[PDB]
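Only one chain is given next, in structure tokens, and it is the form solved without the ligand.
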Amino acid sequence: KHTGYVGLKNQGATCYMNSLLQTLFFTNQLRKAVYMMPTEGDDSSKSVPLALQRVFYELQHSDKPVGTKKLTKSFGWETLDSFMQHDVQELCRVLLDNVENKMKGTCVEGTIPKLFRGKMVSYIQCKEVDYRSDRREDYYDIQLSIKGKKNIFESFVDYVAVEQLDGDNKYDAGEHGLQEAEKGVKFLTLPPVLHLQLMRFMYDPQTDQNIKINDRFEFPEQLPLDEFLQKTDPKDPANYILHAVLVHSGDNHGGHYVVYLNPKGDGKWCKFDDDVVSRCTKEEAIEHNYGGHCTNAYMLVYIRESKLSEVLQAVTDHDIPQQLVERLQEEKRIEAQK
């Protein structure tokens, strides 16, 4: 096991699930918080927080590939096409929603929003009359459009672009009646952990099957995002460091799923292809997954430069509470008696 990291078992069309599991396991600040969840009273079959702790503990200690059968059962995606019908951000939403709820009233409460929550302003500004509506919204990831864009920069430029509201799509200004208006979105804050979903998988009207766009789309190792802030901080620039590259190889519905990571944030990359984990070049993790063949990234994880050390803080064996280790060791001991 030259890498020091252990892989995950392939047990059905779980698809990206193993890529997401490794991506979250190496969000060290999240892993430590998951261990701390008060789970001793949970039922080892229905509880999703406990199943997530099991996978993370096995990923941290086992020399052999880690199984995920109890995880898949815990949140109930068990039909033939259950993972084909959803995408990675829904799975990530199902998981993170459960652990943040599990952290209520506990010492790691608010860890999910601290890591992933950003602040955003959506607006509608009337062009002929003085009226404006701003709604501040939270976001936990960003869906980036890639069709027609060459890189992450053009995808952000398109994200904050202004939309015209005229013709049939005039704005209902209420007292002012129908009005021509401008609609857009501004970024207030960017989170410590940036999850960017690249919109390569979409449905084409009038549809039957979902289509995957394999156009070339580039992303940098370092991503400066001060430009897209309404107001910047001299002591905390929005400089982001590429951490994970979730990759798909194959055609529209069918394909292989792999994740690349430099878990320490030191630019030393590894390929997490299911159970096999191996060192790879930086070029293979980033440049080779631009596309333009059928292998390319569909989700990216960036960590803010000033937050790298805390998000990726060290995780030892003593960061797992004793009651947790006793229960899982009891579980491994029970199954070993067959």
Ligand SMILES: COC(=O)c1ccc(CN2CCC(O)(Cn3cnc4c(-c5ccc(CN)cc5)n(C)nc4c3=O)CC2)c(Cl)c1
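Residues that one form lacks are left out of the comparison. Numbers follow the displayed sequence, beginning with 1. The term rigid core refers to the most C-alpha atoms you can superpose between the two forms while keeping them within 1.5 Å.
Unshown form solved in complex with the ligand; subsequent notes refer to it.
Participant: How would the site be scored, open or blocked, if the ligand were superimposed onto this chain using its pose in the deposited complex (blocked means 3 or more ligand atoms within 2.4 Å of backbone or C-beta)?
Facilitator: Blocked, going by where the ligand lands after superposition on the site C-alphas.
Participant: Is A161 close to the ligand in the deposited complex, meaning a heavy atom pair under 4.5 Å apart or at it?
Facilitator: Heavy-atom contact with the ligand at 4.5 Å: absent for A161.
Participant: Would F25 count as a contact of the ligand in the deposited complex, using a 4.5 angstroms cut-off between non-hydrogen atoms?
Facilitator: Heavy-atom contact with the ligand at 4.5 Å: absent for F25.
Participant: Check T189 for me: does it contact the ligand in the deposited complex (non-hydrogen atoms, 4.5 angstroms)?
Facilitator: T189 lies outside the contact set for the ligand.
Participant: May I ask you to state whether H253 is within 4.5 Å of the ligand in the deposited complex, using heavy atom distances?
Facilitator: Result yes; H253 sits at the interface with the ligand in the deposited complex.
Participant: Have a look at 263-271, 68-76, 243-251, 125-133 and name the one stretch with heavy atoms inside 4.5 Å of the ligand in the deposited complex.
Facilitator: Partner-contacting stretch among the options: 243-251.
Participant: Consider the chain as shown here, without its partner, and state which of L178, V121, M202, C107 has a heavy atom within 4.5 Å of the ligand in the deposited complex.
Facilitator: Checked against the cut-off, the match is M202.
Participant: Of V259, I152, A238, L198, which residue is found within 4.5 angstroms of the ligand in the deposited complex when only non-hydrogen atoms are counted?
Facilitator: After the contact test, the surviving option is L198.
Participant: Going through 16-38, which residues have a heavy atom within 4.5 Å of the ligand in the deposited complex? Please give them in sequence order.
Facilitator: Residue within 4.5 Å: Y16 only.
Participant: Core aligned, which of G254, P220, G110, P224 has the Cα that shifts 2 angstroms or more between this form and the one not shown?
Facilitator: The residue that shifts is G254.
Participant: Superposed on the rigid core, does the Cα of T207 end up 2 angstroms or more away between this form and the one not shown?
Facilitator: Yes; that C-alpha moves by at least 2 Å between this form and the one not shown.
Participant: Using the rigid core for the fit, write out the stretches of 3 or more consecutive residues with CA shifts of 2 Å or more between this form and the one not shown, ordered by sequence.
Facilitator: The runs that move are 206-209, 252-254.
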